[PDB]
Every structure is written in C-alpha cells, then in structure tokens.
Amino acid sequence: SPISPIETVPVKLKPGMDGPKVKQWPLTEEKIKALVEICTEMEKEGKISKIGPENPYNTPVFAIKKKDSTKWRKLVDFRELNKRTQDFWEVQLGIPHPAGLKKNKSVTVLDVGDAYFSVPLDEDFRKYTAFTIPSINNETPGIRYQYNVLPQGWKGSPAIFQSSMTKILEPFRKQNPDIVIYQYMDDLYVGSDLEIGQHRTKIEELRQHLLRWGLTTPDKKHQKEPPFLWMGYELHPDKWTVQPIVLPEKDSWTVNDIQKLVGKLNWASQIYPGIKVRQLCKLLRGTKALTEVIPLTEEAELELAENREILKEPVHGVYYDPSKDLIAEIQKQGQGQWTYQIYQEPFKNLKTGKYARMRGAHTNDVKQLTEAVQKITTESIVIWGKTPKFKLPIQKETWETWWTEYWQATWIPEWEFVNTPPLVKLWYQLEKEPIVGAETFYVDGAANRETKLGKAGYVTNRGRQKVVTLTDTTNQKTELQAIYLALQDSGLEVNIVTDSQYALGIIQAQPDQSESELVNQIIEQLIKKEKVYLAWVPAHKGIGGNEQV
C-alpha cells in the first residue's frame, strides 16, 4: 500500500538520551527464516530499508506464529525506544457519546488500510527504529533494517498518524462543510443528510481524496452495513443503545462474576433507566479471592431481580437536535442513589445515567441532589456544549431555604419542581435562638489518648446530671456521645451547649445519613425532637458549667 506524499512530524528523543542499543537475542532457524520473508516484502514496499553496521542502534525483533494458523508475525519490542522518545500530544481526549450525535440521512464507515504503514517517519529519526535479524547462531552479522513509516508499538504512531490524517481532510472538509467526518483511530465515520446517491458519490470523492494521499479505504459493498457496532453500542439510523447485555444465570457467584456483572450493569445504565448496583456493589467490599464464591444477600438478589426486569425487552436512545432544549430530570432511587435521564422531547430519552457518590462522611439529600446536578451539568457541557434545564424532586421553597442559610456557596441552573416521590426535604432544623423554658444541657466529653478510655456526660441547669464511660473512643466520639445523651434524656425541647466545634459543624450541616452509627442515632433524636438550640463554647475557659463537666 501507498506511502503518503505528506509532510513529516519532527520526532525527537527525550533530553540527554540517546537511541536504544538492545542486543538481539539469538533466534531459531524458523524464526529467522520467517522474519527474512517478512522483512524483504516490507522493504519491497518501502515500509523498511536496509542499513549498514555503522548505525549504533538496535531494537530487538521476534516472530510468533498464530493460533490455528501457520502464519508468522514480526514483533518489534519498542520499549527502550519508547522509554526514550519525546512525549506527544494526547491523541483523542474523550470519545463522542452516541447521545451527542446529531442524526443524519446516511452514515458510512471507512477504515484506513495499514494506517501506520501508509505514513512517513521523520527521516532524521528512522535511524533509531533500527532492528536486526540475527544470523544462524552467533556467527554472521545480522541483517539490518530501519523504518520509513510508522512502526507499530512506537510512542508517536497513533498521535502522528492522527495528526497527519487530520491535515489530509482539512481540504475535503473545506469543500464539504455539510459533511461530518468522525476521525476515530484508523476509522472514518462519514455522515450526510444527502440523497443516498450523491452520498455514495461524496464518499468516493473522499476515497479519491484519500488515495491521492496514500489512504486506501474500502469501496462500496466492501464497507460496513449499519447497525454499526461501535464502542459497546449499536448504531442504527434513528437510535442507538448499548450492545447486547447478557446477565449470567448462575448457581454461585465469585468475586470476578459479580465484578463483570456490576460492569455490564453500569454500562447498561447509560440508557436503561434505574439500573441499581449498590447491593451488588457491596458484596465487593473487603474482597477476598477473585474466584472466591460470594453468597448474594437478600438485598443483592432483589437488586439483580429488578435489574433483570429492566433489561427484559429493550431500550434505545435517540440522537441530538441542537434546535431544541435539553431537559434533565433526576430521581432519588434509594439508599444514597440517584438516577436521571436526559431527553429533548417528553420521554424520548437521549440518555440515562445514575449517581451514587458518598461525597463526605455525613451529607444529606439536598446536598446529594446538587452533587448530582453538577455531575449531570458537566456531562452535558461535554456532550452538547450546553447545560440542561432541570426538573427536580424538590420544592423551590425547600431549596432556597437551605441554600440560603448554608455556609458553602451553592448554585443550580434553571430548574422546576417535579412531584416525583420521594421528594427531597430537610429532616430537621436548628433553632436560631435559645429555646426558653427548655432544659439546658451543658454537655461534655473527653478521651484519654493513652488508655483510649473516655467519659461522656452532661450537667443541666436543673441540677440533673450524668456521666458515662466509653471503652475505646476518642474525643470526637466522646463529644458526639455526650450530645446523644443530652438528647436522649430530654424530650421535645432541649438546649445543648458543646465545646466541640466538630459535633457542632456536623449537626449544623443538617446531616440525614452518615457513615457513623452514633451520628446516625443523633439524627433520630433531632428528627423526633420538636425544638433544638445548640451552642458552642471554649473549653478550659471558665465558661458556664464547662469547668463543671
């Protein structure tokens, strides 16, 4: 195949480094013979060139057969060269989402033939791509070659090749603004809203443009027929979707089985609504073997269960219409899990997705929702270069309240309430000012750093009192422990005074779920209660009964 009449990219080794010089390991008679067959051809094509013994450099070569087959293939261990090559620009920095594709009349797939081989290697650099076919044993000086094109396994091949390929289309692009070219690896996705024939036409005018450049594509009939089975998806004309998901019916599950499982699941969730993975995902905690069998839990089998139902039948996603707004709707799925779906027209989803994140130790639904919103938002900028309008399971009055009082700066773009339960709410709120005719627990807690032993009690302004000894805690723990007590012994209207900013901080944030059990109980209290004020003071300072507790 042709070798591109196109400009070369100036490759350079990393600084204070010279080309590789790896001794060639003695090869068998067959291995050498083969390599010799292969090489000559390659050089016959000009993909390679014979060199002298003056050239200091070397990279090792090898030749492996083929399973089933009696065809040899030359391997060129390019490590040291790579370890020594400059670093290049990152090839493609993400990969288009089917959901982001604007629908076209006709889309054709064209795969370049011998991509790397069809393109020039900076003359000044070939010197390093030097390799040596050993002779029959020690004796005899090996045969020497070097590349004229982009070797496979070398650092800049993918980059340079793409660079090139980008430049080769720029022209055809210019005279073809209404034609979309999707450059992916050594593929070419060509879409147009043309009338079949002129499409078949434009494609060839392309193939020609490509051939005039060294680029051998395939003719009609020789080219793929949609559904296009790209990157895990199915690419029909007016829809797309993940590629065929088969969940394994099986007696017993091992670490590897579940992992593979969670994977197809997560993948499947781009477009299948409400696919859950928490229960399953949990079995994976503290993981033992890879083959170690894991007895699904009741919750896990139900997750699996529900998930089977989801996939039984099939969902497809539609394409993008830049002439319409993006609507994104989120819902609370459960135990810290969320799910959303983007659609441009009521219920004809572009894509779906899920959000779980435990951002923090203790957080709440109002925070999680916004964590989701931000997450969703980015996704959109990336996929569409625009943010959606949100439909959220939360009251505007609830939002504004929280946002308002909350310490952190916060912000959601355009949204609207939507009565899709559960609705997001604040589960309790703290008094702005000191409840009157309400007890006054001056709570306290401390732990001995050495004995890891700790006490935790309070002293009310009504003579009531209490202490407690905790086994292996910390101040942190003792301090939450104190406030729990004070809440526990006090009925619908406490006033609590702590010297712990920690607990303060925690509760002030209105948690409604927490990595901690103690913090979890402290929650039950707060909710059940009726009015709660809570203040902080400096300890070691003759503050109230602080000197007391």
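The first residue of the shown sequence is 1; numbering continues from there.
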Higher-B stretch (mean Cα B-factor, as the entry records it), 66-74 or 509-517
66-74
Higher of the two mean Cα B-factors (264-272, 466-474; per PDB record) comes from 466-474
Report the option among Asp251, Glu371, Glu379, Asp321 whose CA atom has the maximum B-factor in the deposited record.
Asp251
The residue of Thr241, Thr339, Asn148, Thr217 with the maximal C-alpha B-factor according to the PDB record is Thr217
Position of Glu37 among the chain's modelled residues by C-alpha B-factor, lowest, middle or highest third:
lowest
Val532 - which third its CA temperature factor falls in, relative to the rest of the chain
middle
Comparing against every modelled residue in the chain, figure out the third that the C-alpha B-factor of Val11 lands in (lowest, middle or highest).
lowest
Divide the modelled residues of the chain into thirds by Cα B-factor and specify which third, lowest, middle or highest, holds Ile522.
middle
Which third, lowest, middle or highest, does the CA B-factor of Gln481 fall in along this chain?
lowest
